[PDB]
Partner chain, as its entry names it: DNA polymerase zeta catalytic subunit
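Form solved without its partner chain, single chain, as structure tokens, below.
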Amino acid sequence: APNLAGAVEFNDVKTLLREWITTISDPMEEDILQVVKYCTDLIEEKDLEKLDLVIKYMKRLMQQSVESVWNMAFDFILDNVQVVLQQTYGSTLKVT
């Protein structure tokens, strides 16, 4: 059910992320928020495997960038994800 800009299938969601992350340079806050919404929806829809894989995939791409804007975009995303997991599942995603 959860989707990112219309993309539902994992593969579509991922390719959407790579395209965005590797070609924008100045990501819009609206798109960053859309990603946060998608991740929290995954938590609500009980699909933690997808949440883990996506956080891991964004982390790889947003940190492997010298562009600090992506470094900060990721911290913000993970941050709001963790706050929601802590209240819903009682734990925080292990990320390393």
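Residue numbers count along the first chain shown, from 1.
Beyond the structure shown, there is the form deposited with its partner chain bound, which is absent from this document and is the topic of what follows.
### Task
Please run the contact check for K37 against its partner chain in the deposited bound form: heavy atoms, 4.5 angstroms, yes or no?
Yes.
* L33 near its partner chain in the deposited bound form, any heavy atom under 4.5 Å? -> Yes.
**OP:** Tell me, yes or no, whether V84 is in contact with its partner chain in the deposited bound form, where a contact means a heavy atom of each within 4.5 Å.
**Re:** Output for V84 is yes: heavy atoms within 4.5 Å of its partner chain.
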